[PDB]
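J.: Chains as they are written, first to last, in the deposited numbering: chain A, 1 to 57; chain B, 1 to 446; chain C, 326 to 379; chain D, 6 to 110; chain E, 1 to 53; chain F, 2 to 55; chain G, 2 to 55; chain H, 17 to 439; chain I, 148 to 293; chain J, 1 to 49.
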Amino acid sequence: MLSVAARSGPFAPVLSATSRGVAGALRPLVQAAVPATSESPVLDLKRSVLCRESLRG
Amino acid sequence: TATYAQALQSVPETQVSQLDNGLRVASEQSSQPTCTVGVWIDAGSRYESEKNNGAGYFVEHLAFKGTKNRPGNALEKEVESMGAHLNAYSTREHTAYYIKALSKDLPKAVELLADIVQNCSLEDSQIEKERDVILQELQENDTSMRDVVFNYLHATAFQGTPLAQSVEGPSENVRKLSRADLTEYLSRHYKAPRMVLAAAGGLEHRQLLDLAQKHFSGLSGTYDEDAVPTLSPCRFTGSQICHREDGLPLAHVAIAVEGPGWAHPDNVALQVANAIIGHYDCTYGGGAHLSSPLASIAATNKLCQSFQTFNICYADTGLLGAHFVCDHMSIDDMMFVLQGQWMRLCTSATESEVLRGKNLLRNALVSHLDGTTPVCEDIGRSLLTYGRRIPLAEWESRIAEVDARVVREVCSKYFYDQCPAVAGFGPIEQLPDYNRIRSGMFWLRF
Amino acid sequence: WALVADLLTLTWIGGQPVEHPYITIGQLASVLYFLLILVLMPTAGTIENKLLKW
Amino acid sequence: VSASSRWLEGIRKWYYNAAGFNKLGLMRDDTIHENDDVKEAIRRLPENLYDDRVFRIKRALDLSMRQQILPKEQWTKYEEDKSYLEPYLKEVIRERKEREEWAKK
Amino acid sequence: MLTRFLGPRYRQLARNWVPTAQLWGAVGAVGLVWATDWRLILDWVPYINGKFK
Amino acid sequence: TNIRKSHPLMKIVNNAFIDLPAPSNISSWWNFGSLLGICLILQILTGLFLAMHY
Amino acid sequence: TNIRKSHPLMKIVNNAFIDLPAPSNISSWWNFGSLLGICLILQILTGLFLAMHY
Amino acid sequence: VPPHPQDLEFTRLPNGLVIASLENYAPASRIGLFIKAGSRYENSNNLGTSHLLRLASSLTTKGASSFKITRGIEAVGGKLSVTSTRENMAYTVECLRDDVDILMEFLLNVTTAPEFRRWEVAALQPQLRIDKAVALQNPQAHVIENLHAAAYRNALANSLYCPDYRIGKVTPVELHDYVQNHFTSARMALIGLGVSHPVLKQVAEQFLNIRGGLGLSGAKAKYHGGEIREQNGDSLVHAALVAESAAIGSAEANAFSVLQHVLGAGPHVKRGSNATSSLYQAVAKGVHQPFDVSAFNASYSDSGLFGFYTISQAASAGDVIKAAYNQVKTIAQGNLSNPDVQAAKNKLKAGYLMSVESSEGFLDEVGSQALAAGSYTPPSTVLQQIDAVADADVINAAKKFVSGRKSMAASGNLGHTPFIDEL
Amino acid sequence: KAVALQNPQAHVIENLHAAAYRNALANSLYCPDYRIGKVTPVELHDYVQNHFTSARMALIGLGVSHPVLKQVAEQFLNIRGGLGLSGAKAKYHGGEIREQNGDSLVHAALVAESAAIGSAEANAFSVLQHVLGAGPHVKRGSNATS
Amino acid sequence: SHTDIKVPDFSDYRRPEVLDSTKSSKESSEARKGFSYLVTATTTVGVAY
Ligand code: HEM
Ligand code: HEM
Ligand code: HEM
Ligand code: HEM
Ligand SMILES: COC1=C(OC)C(=O)C(C/C=C(\C)CCC=C(C)C)=C(C)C1=O
Ligand SMILES: COC1=C(OC)C(=O)C(C/C=C(\C)CCC=C(C)C)=C(C)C1=O
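1. Determine, for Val45 (chain J), whether the minimum Cβ-Cβ distance to residues of chain B falls below 8 angstroms.
2. Which residues, in chain order, sit with a beta-carbon under 6 angstroms away from any heavy atom of ligand 3?
3. Have a look at I:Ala271, I:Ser273, I:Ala205 and I:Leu152 and flag the residue whose alpha-carbon is nearest the alpha-carbon of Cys178 (chain I).
4. Is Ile160 (chain H) near ligand 5, with its Cβ less than 7 angstroms from a heavy atom?
5. With a cut-off of 6 angstroms, give the chain-ordered residues whose Cβ is closer than this to any heavy atom of ligand 2.
6. Taking Cβ-Cβ distances shorter than 7 angstroms, what residues in chain D pair up with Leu365 (chain C)?
7. In angstroms, rounded to a whole number, what distance separates the CA positions of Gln196 (chain H) and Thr128 (chain H)?
8. Looking at the C-beta of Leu29 (chain D), does it have a partner C-beta in chain G at a distance below 8 angstroms?
9. Assign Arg101 (chain D) to one of three DSSP states: helix, strand, or coil.
10. Do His192 (chain H) and residue 6 (chain H) come within 8 angstroms of each other at the CB atom, strictly closer than that value?
11. I need the DSSP call for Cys178 (chain H), collapsed to helix, strand or coil.
12. Identify the contact partners of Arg52 (chain A) in chain B, using a Cβ-Cβ distance below 7 angstroms as the criterion.
13. What are the residues in the stretch 351-373 of chain B lying within 9 angstroms of chain E by C-beta distance?
14. So, under 8 angstroms CB-CB, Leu135 (chain B) and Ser187 (chain B) are touching, yes? Tell me the CB distance rounded to an integer number of Å.
15. Rounded to the nearest angstrom, how far is the Cβ of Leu182 (chain B) from that of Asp44 (chain A), given a contact under 8 angstroms?
16. Would a C-beta distance cut-off of 8 angstroms place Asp370 (chain B) and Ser1 (chain J) closer than the cut-off?
17. Straight-line CA distance for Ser16 (chain A) to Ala166 (chain H)?
18. Classify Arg46 (chain H) as helix, strand or coil using the three-state DSSP reduction.
19. Return yes when at least one heavy atom of ligand 5 lies under 7 angstroms from the C-beta of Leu21 (chain F), else no.
20. Report the three-state DSSP secondary structure of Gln159 (chain B) (helix, strand or coil).
21. So what does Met424 (chain H) bridge to, in DSSP terms?
22. Strictly below 8 angstroms CB to CB, what residues from chain M border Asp12 (chain J)?
23. Any idea if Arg182 (chain I) is buried or exposed, counting beta-carbon neighbours within 10 angstroms, 16 or more meaning buried?
24. Measure the alpha-carbon distance for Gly38 (chain F) versus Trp34 (chain E) and round it to whole angstroms.
25. What residues in its chain sit with their C-beta under 6 angstroms from that of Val174 (chain B), if we drop five residues either side in the sequence?
26. Output yes if chain B places a C-beta closer than 8 angstroms to the C-beta of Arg28 (chain H); else output no.
27. I want to see whether chain H comes within less than 8 angstroms of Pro155 (chain I), judged by CB atoms only; does it?
28. Evaluate the contact criterion for the stretch 327-340 of chain B versus the stretch 279-291 of chain B: three or more CB pairs, one atom per stretch, below 8 angstroms.
29. At the 8 angstroms Cβ level, is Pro19 (chain E) part of the contact set with chain D, yes or no?
30. Going by Cα to Cα distance, which pick from H:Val410, H:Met424 and H:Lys301 is closest to residue 453 (chain H)?
31. Between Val43 (chain D) and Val59 (chain D), what straight-line distance do the alpha-carbon atoms span, to the nearest angstrom?
32. Keeping to the same chain, check which residues put their C-beta closer than 6 angstroms to that of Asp250 (chain H); ignore five residues upstream and five downstream.
33. Determine, using beta carbons only, whether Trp395 (chain B) comes closer than 8 angstroms to chain A.
34. Scan the stretch 146-172 of chain H for residues whose Cβ lies nearer than 7 angstroms to a Cβ of chain I and list them as they occur along the chain.
Now the structure itself:
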């Protein structure tokens, strides 16, 4: 049941050529968007989330 | 070893079956021990009035907070205890509620979905707690420059139509929507012929059918008749909304022409052309050497922080264009280059780049359809918009047929000398005047 | 320097009647002017590059 | 190898001496005309060579100004004439040519 | 060394711009003709026979 | 980059008649500057043709 | 700040004849540009005075 | 009617390299080269080298210039991505079946023949600062980086992001050295999806026979403990409390994973109360308004960090942390059900199976397993291993957390955030 | 702050204090980066009104006369309405702060809680400081008595 | 809250062919550009003369 990062918790950065720089393992956050006022930038000196190279027709 | 072409044929045909209701039940069986079940509904915000707006977004909040058979928090307790995940979304045109769970748990997952989608307990105390929650979310969404600009772009492009509305509604509606309002919207839209039970993974289609008859029998049968309207077309306008705010540090701009709707065959050629232009972000490796000229010129000259092309689809219309984020002194250069690429493609698109576009598109299609969740979603959405499930082999055929001539003909039709809808937010003093953006939509060379 | 010298010849001839010597020398100098600029000078540059192993 | 190669080599040595950049302590590569390929190669030079190249050009422009020349012993000797730029220039060109091939398809 | 612009894409480029380069030449011609009143060329046009014979 | 914005000659044009930030509310009365411009050229052009016979 | 460097009119002068970075080794042969400048003005000035009687 | 599947084929070469491949009859292919080269292999003299390296995947190689790598991969619409953790670096490459060959070649070139040219490396340095700024906008990233710096004195203490003082200072020779000594056969695994075993095995025998670097999984992470505090003013305090737990692969690790679900990892319901989450309900009971909690569990080759992470208003930090800590104490004292552990087991199993649903998740799990264990453990046996975890094992893990020397990192306005001393 | 921080000692001593105390003495003499640009006029006003008061003040003069200073103090320094004593009380805690740098030279400070100024024990510490060694007394010396 | 951002009615200014929210604008687009470009074409013809 290895794969340290997916065993949820420790951090795991991704770099890419066509896709985007990701920093994303586990800690809370998700249950703070509910009891709210968990702001966020809207692309302050940034990049972009959700990322691209998926679609359809 | 199998070829790419051959592999497309190996994908199991999505099985479609109809209930005596109008409830379509569709599935794509794989071999996975996990699955995803859900209900896709032809309900959004393009269906709402004005006083009413925010109705479904409001229902989404109440949806998982109690049913009549499962009160206050009992549902959560069931989903969580089997290790499942329950989620939901809503756009201007679609609402979805889906469970991501273990394959054995399929009986329970459908049973819960049914209970949520029909026997919902919009209890007064809860609907009252949700108004504070939603208003907070509106306050949150305001900080996301990107979400704001796409709401602005919709609001200007679709001016007096229901499509100009945001999903969440105006604050005045959030604080005034009644239980009666919600119950009525539910009655009007959450009915069988407008919903599709979708699933993907280790399930046999008969299981899904049995479950659909077992737990969804009791909708549209003794229902329908008078009070079921269709969707009226939405006039695209073509204008500009500029929200000047020098306090924010980067400008956000979103520009688009009117695209055709979901149904139109030419969404494929548009997606190829969009792919050629692609996307960029300051964390991409490869700056100067990127194929897309916009991306390349943007990276070397540092004309932006990010940009993305898009092709948003609605009933018989859509927004086709791009969005970018940049420093106050780079909005003009950024627009020039963006527009320069659209015209180039409209007139002088070459063959090699079209193959790249087609290739980027074949990868996107397949890379996206990876996992029970995106496929389940794909089945549900397709049936609502296409009436069919379009197999990968067909999408391939449609992609394969695109050559340069098609790109310059299809881009011309939508872009060449057309009025864009422009939305700007942030430090936009240098956002070019509308006439100039309009004059960049055609070329005097040509 | 042969171009400058050829341009002296050209002006000198230009200031002279179109009779004996003058016709054929002024005719050949004209060819030289264009042979020099159009063919000879470029060719020299290629040769020079080569002598320098460039 | 023999008589002929030495004769072409001595003709090359002769041109070199006649060319006269040596007289201003310059090296052949210091005289190259600066186009983009070259501007890039200069950029790619390592710290030491780059610094030496500026001092040489400076030494020459200074000489060229007062129309003097270096004592004969300080002239750069042919084939002691290190072509420091060549490998960089070659690669920059090779890189451009590949871009160019890709631009054709 | 103009072999840089010789290949399939450039060949595709040239063709995409032909109807345009051709129509630009029609503009230039009629434009030259009408502006100098090109007797030779004009006399063939049905109307615009304002030079009788 | 563009062509208008960067070219030494076109810059001047761009900065004076294309991208020049102008007030949105100037009225006729502001036209006399360009009209003097036209009158100056008109005076020069008809003035030259007269000088060819005067 | 200075006066030469900042004034709209003087800037032009400064950037063209005062602080203009010039190579330290240009020789006579580079003088003909200014000499053409002088010849142009000399031609205009004597040219105008002749036009007052011609 | 889906096609009957295929089994994964696995092979250890005598030089230590591992090759694993699955033939799913997919339109696309996925190849990843997993290497034991994460930040834990950096030291005081070369910090950040694995970061710049991670950002350097498209610089020129022998056999493939930067321009080619970029244009070539984009021409077929594929991807090249490098992902790092404190232990591994993974180069994954993606494309349709018909194009595996060219992508494989670029992959081999990036990983075994990089040239790291002086000027290309100089031009890339500023990317460290852009890359690091983007990661650091999530408060979690600072916290977890400081958590590790605080917990270990060693290797796991290193950051995944280049220290500021090193930006612009990492050299081409340091990249060369990092590759030569970590990108070797015995530290590598070639995983494939949508390819065939002979092909991967051929490629590995022809191109991945490199060896002359270092040897095992470490210098050995020496857990130390302590705390790092970053004053910030963010309205929200982020804090992580942790203790040494167990190394991955060991039976105790699974006990910790089950403990993580008894307490509470992420949410399962959109905008839910999180009824089955022990930590959450425990904090909520005495704290009214904006907050989040979750158990944290990191497991490495020779160590592990387990505990919880909290997000809360500056003044409630103490209360949130104390409530959370006391909740764990409660399980350590025996107050743990049987249906609780059962529910946790179901949450853990459902999630793992969900984690390998897709190509990306599957490939990463196979690659990491190859590195950590040198094996491939089927989902059935992982489910079996989880089931072997008894209630007493979970109780014992909780008890280990409660009495172990702690490590903590926190950011925000820390005026009411306790010091460990005070827990 | 940049000018002070070019002496490696200043970072060290600021971190030494941050590490040693959980409180007041932990504060830095230099504004934290995140606060630069954020301190408000109201915060300055508040800091003055509550700390610049009579009971917390001393007017010292050199080359002036006592009556004059005393007159000035009675006319202008009668301000009071702030806080009271010498603290919230520094709670010594202990711990360590480590800053990776690459400076060729490592700067380190090792310390323990000693005694408050004014107490007899403080003088013992001052004498200990000289037994061990403070600064140098001879230019370029071996420092024999250290 | 940015969701309250109205878009002021422009019926007062809209060409007649674009007055209905019920239907496409694409239909009248050609006639609309036609009309506006005819004006500039006729003008250039005039100026040419
Ligand atoms: C050859 C004669 C002149 C030419 C070609 C000329 C040209 C112009 C032009 C093109 C403008 C800008 C547009 C406008 O406001 O009209 C302007 C503005 C102005 N001119 Fe002149 N003009 C001339 C004579 C004058 C005179 C006689 C005066 C008064 C002594 C004058 C003082 C101004 C001023 C103050 C402005 C600024 C007006 C404003 O911005 O409100 N110029 N001129
Ligand atoms: C350098 C350009 C100009 C040239 C070459 C030029 C040349 C001439 C010539 C040859 C005449 C005598 C022929 C005649 O009387 O019709 C004349 C008359 C005159 N011009 Fe100019 N001129 C020029 C610009 C101006 C300007 C700037 C003005 C001032 C608005 C001006 C105002 C006059 C007037 C008032 C007359 C006499 C009235 C008349 O037309 O009989 N012209 N010019
Ligand atoms: C009204 C006639 C001309 C004027 C007033 C003029 C003025 C000048 C001036 C002031 C300079 C800078 C100083 C110098 O090098 O001399 C210059 C340089 C130059 N001119 Fe001219 N010149 C004129 C005719 C020409 C001609 C006939 C050519 C050749 C077609 C020419 C091409 C150049 C070039 C290439 C330079 C740069 C030379 C260098 O920097 O080495 N100009 N000119
Ligand atoms: C706009 C300034 C100029 C004016 C007003 C001007 C005016 C005149 C006039 C009135 C004459 C006839 C009087 C005479 O023959 O002496 C003349 C002759 C001539 N000018 Fe100019 N001119 C000007 C600039 C030039 C320029 C640029 C050149 C070319 C170098 C030039 C070369 C000549 C020549 C060759 C003659 C005839 C030879 C002679 O002096 O007899 N002048 N000019
Ligand atoms: C924003 O205010 C301005 C205008 O609007 C009132 C103008 O119309 C013009 C027009 C000036 C022209 C066309 C140049 C003519 C000068 C010559 C020497 C021919 C200028 C400069 C201007 O600044
Ligand atoms: C650094 O090289 C240069 C010189 O040294 C060779 C010059 O002497 C001049 C002199 C030019 C003058 C005085 C302007 C004359 C032009 C007119 C229209 C009167 C220029 C521009 C120059 O660049």
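Cβ coordinates follow ideal geometry from the N, Cα and C atoms, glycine included.
T.: Let me spell this out:
1. no
2. G:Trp31, G:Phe33, G:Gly34, G:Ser35, G:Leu37, G:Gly38 and G:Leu41
3. I:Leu152
4. no
5. F:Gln44, F:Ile45, F:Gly48, F:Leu49, F:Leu51, F:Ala52 and F:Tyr55
6. Those do not exist, as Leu365 (chain C) stays about 17 angstroms from chain D at its closest Cβ, beyond 7 angstroms.
7. 9 angstroms
8. no
9. helix
10. Past the boundaries of the shown model lies residue 6 (chain H); chain H is included only from 17 to 439, so the question cannot be answered.
11. coil
12. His279 and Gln308
13. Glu351, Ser352 and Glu353
14. Wrong, their Cβ atoms sit about 26 angstroms apart, outside the cutoff.
15. Contact flag wrong, Cβ pair sits at about 37 angstroms.
16. no
17. 30 angstroms
18. strand
19. yes
20. coil
21. H:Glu243 and H:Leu257
22. The question asks about chain M, but that chain is absent: this structure's protein chains are A, B, C, D, E, F, G, H, I and J.
23. exposed
24. 30 angstroms
25. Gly54, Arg131, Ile134 and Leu135
26. no
27. no
28. no
29. no
30. Residue 453 (chain H) is absent from the structure shown; chain H starts at 17 and stops at 439.
31. 15 angstroms
32. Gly428
33. yes
34. none
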